[PDB]
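As written, the chain order gives the labels A, B, C, D, E, F, G, H, I, J and K, with residue 1 at the start of each chain.
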C-alpha cells in the first residue's frame, strides 16, 4: 500500500459500464510526482493523505472481485505530513 | 444475569430510570404495599375522553410505475446494477 | 437539582396533561415544551434526581391514555454541559 | 370571561377544530385562548373558564366535532393547572 | 357580499383545495376569506356569505374536489359562528 | 392566458421535473411552487387552454417515474377572480 | 455550469451524506438543502453536465443504505429559464 | 475541541435525540454543533471533532438511544467534510 | 324534482340542519 | 366560594391522601382536618361549587384504595350561617 | 436533613408503628416528624426527606411492621404535598 495525497476529481463520462457509479480521484505521492487515478471507496477531499491499495486487492476493496480497478483508496490517514 | 435481557424487557422509563438491572439494598423502587405518587394517583385526577399518516417514511412503499430501462449503446457508463438515476422525462441515467 | 426528565407524546393534549401531572407529583420545574414536528410534542422538567424520577413516572402514567398517548419517558441524571445548549431554559 | 379551569380538544385537521371551538364557546361561558397547529395534522383548541362552564363546554365540543372530517383525538379537562403549566399555555389566540 | 355564515372544505393536498375554491366561488355569492396549510398535508379553504349561498357553495365545492388528487376530508357549514371563533378565522387570503 | 395547470407530487424532485417538462412542452408560465406540508409539493402554470392541456400532460408523463411520483394533474380552464387571491403570481 | 442535479432522501442524514459524496465526486456547487416537509430532504447541485452526472451517480450510491434511504436521484442537463425562479442560488 | 470530522445521529422524536447527544458528548471529546428538526418527526444531532473521537462518540450514541422512545434512524460518521457541505451544517446549536 | 346546487354532494356535508 | 366538600376516611393516611388530591385537583381551600374518634378522620375544603365537585370527586378516587379506605364524600353547595360555627377555619 | 417528600405508615396499635419508625429511620436519611394516635387504635408515623430516601424508608418500614402485633394498615408516599396540606402535617413528634 502507498501513501498518496488527493489532488482533484476525475470525470470520464464514457467510461465502461462495469465501473458502476464509483467516483474517481487524482492522487500523487507528492505535488509534482506522477499522477494516478484511484477509485474512492471512502470519500476524500483534496489535500487528504490517503492509503491506496493496488493489484487484485483493489478490486474487492472497490466493491467486487470482478470490479475493474487496480488502485483503490481504502482509508484516510489520521495524521500525516 | 443481574440485568434482564435487552430483547425481552422494555423499560417504562429509559435512561437513569431504567429497571432492567436488579439493584439490591435501599434503592428508590416501590413494592406492592406502597400507594401514591403514581398509577391511579396521577392518571385519575383530570377527566378525559378518547376520540375515534402522510410522511416520507409512510410513503416508502407507495406504488410506483415500472422502472425505466436503458437501450442506448456505446460506452456511456451505462450501469444497470446501481441506484436508479433518472434524466429529463424520467429516462434512465 | 439539575437532573432532566422528558416525556414525548403524540399531540399536545397528552403533553399538557403530562406536564401538569409531573409538576403536581414531585418537586420539579417545567422548563420547556417543544413541537418536534409530525405530531410529536416533548415536555421537559428539571430537579433533583429522585424527584425527577417520581415526576416522570407520574407523568407517563397520567398521559398514557390521553389522546394518541405516550411516546417516550426518559431521565438524564447528569446532563453534559454541551447538551445544555439545546435545552430550553424557561417554558 | 376567563377562569381557572382549562379545556382542551385535539382534532385531526382544522375543520373539526373550528366546529369544536364554536360548540364550546356557544355551550358555556368560556374564553377561547388558543388554536395550536401542533404538526402532522393535529390541531388543538384551548378554553379557560370556571370549572362547571369548562366541563359543559368540553362535553359540547367533543360531541360536536366527532363526526366532522377526520374527527376527534382527545377531549380533556384540567380543573386547576399547576402554576408552572401556565407558562406553556396561550393567553389569547393568534 | 354580506352574510356571516361560514363554509369550510378540507382536503388532502393543495390541488383539490384549489378546485374546491374555484367551484365554490363559481357556484354562489360567497367570499373566499382564506386558505390554510394545516400541516401533515391538510389544506382548508374558507368562504363567507349568506346561509343559502354558503350551503350551495359548499355543496358545489365538495362535489367538484371529491375525485381530485388525494381527495376531500371535510365539508362543513356553520350558519353563525360565535364571536370568539372570529379570532381564529382569517379575514383575507 | 388565464387557464391554470396544476401538478401535485410526493417530494420536491418530481415537482421540479414536472415544472421543467411543463415549461419545455408548451408556452406556459410557471407561477409558483408550494410546499403543502406532509411531503406534498405543488407546481402551478398559467397560459392558454391548449397550451395548459399540453403542458400538464407532458409534466404528468415526465414526473411519474421520478422519486415518490405524482399525486394529481388538474386543469382549471377559467379561474374565478376570487381564487386569484390564493394563487401565487411569481415563484 | 448550468446542469442541475438533485437527490431527495427520507431524513437529513442521508441527505448530508449524499451532498458530501456529490461534492467529493466532481466539480459541483451545492446550491441548496431544502426541508420539503414530512421528512423529505432535497439537496441540489449545479455544474457542467458531465460533472453533475458523475456527482449524482456517486451521491445516489452513497446514501442508498444510510438511514431511511434514498427517494430520488435526478439530473436535468438543460434547465428551462422559467424553472430557475424556483431553484435556490445559495444554501441557507 | 478541534477536528473537522462529523458525526450525525437521526432519531424518531426529540427524546432519543437528546439521549444520543448526551451519550455522544460524554463518551468522547466532541462538540455538539446542532439539533435540527427535520420534519415529520425526524430529529438530527450533529457533532464535530477528530476522527477517533467522533467514531467513539457515534458508537456510544447509537448504542444509547436505540431503545429510547421511537428509536434510532441513522448513525453516520464522515471523517472529512467537503467545504461545500459546511455551508449546510450548523456551527452552533 | 328541484334541480340546482342543492342536489350536489349528498352525504358529504356536515353543517346542515339535517345533519344537526 | 362558600361551597363545602367533605371526605371522611378510616385512618389518617387516606385522609391526608384525600386532602392532597383535593387541593391538587381543583381550586379549593383546605380548611381543616378533624379527628372524629374511633378511627374516623374528616377533611374539609371550601370553594366554588364546580371546583368543589371536581375536588371531592378526585379526593374520593384517590383515597378509596388507601389503607382502610373511604367512608363518606359529601358536598354542601351553600352552608347555613349556623353551621359555620362548627366548621374549622384555615 | 432537608426533604420535601412525605412518607406515612399506619398501623393497628403502637408496637408495629414503633417497629416501622425504627426500620424507616435505619434504612435511609429521613426525619421522623410525627407519631399520631388517630383514635380507635390507629397509629400513624410520618417521615420527611428526599424522594429516593423516603421511597427506601417506607419500603423498609412496611416490610418490617407487617407481621408485628396487629399489623400494617397503610404505607403511602407523597413526593410533594400541596402547600396547604403542610398545615395539617406535624413538624416534630410530641
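The rule we apply is simple: contacts are C-beta pairs under 8 Å (C-beta built on N, C-alpha and C of every residue); 3 or more make two chains touch, one makes a residue touch a chain.
Number of steps on the shortest path from chain A to chain H, with steps defined by chain touch: 1. In this entry, chain C maps onto chain F through a rotation of 180 degrees when their C-alpha atoms are superposed, rounded to the nearest 5. Simply put, of B-J and B-C, more C-beta pairs touch at B-C.
Centroid to centroid, with C-alpha atoms defining each point, chain I and chain J lie 54 Å apart. Note on chain placement: the centre of chain A and the centre of chain G lie 23 Å apart, centres being C-alpha means. Between chain B and chain I, the centres computed from C-alpha atoms are 44 Å apart. Chain centres here are Cα averages; for chain D and chain I they lie 29 Å apart. Residues of chain A in contact with two or more other chains: 13, 20-21, 43-45. Residue positions of chain K touching 2 or more other chains, listed in rising order: 51-52, 55, 74, 76, 78-79.
Among the residues of chain B, those in touch with two or more other chains are 14-15, 28, 35-37, 41, 45-46, 48, 50-51, 53-57, 59, 77, 79, 82-83, 86, 88. On the side of chain H, the complex with chain C involves touching residues 13-16, 18-19, 21-22, 25-26, 30-32, 35, 37-43, 45, 68-70, 92-93. Across the complex, chain C is touched by residues 12-17, 28, 37-39, 41-43, 45-46, 48, 50-51, 55 of chain B. Interface residues of chain K facing chain C in the complex, by the touch rule stated above, are 4-5, 50-53, 55, 79-80. Those residues of chain H whose C-beta lies close enough to touch chain G in the complex are 6, 8-10, 36, 38-42, 44, 73-74, 76, 78, 81-82, 84-85, 87-89.
Against chain B, the residues of chain D that register as touching in their complex are 10-11, 40-41, 55, 62, 66, 71-79.
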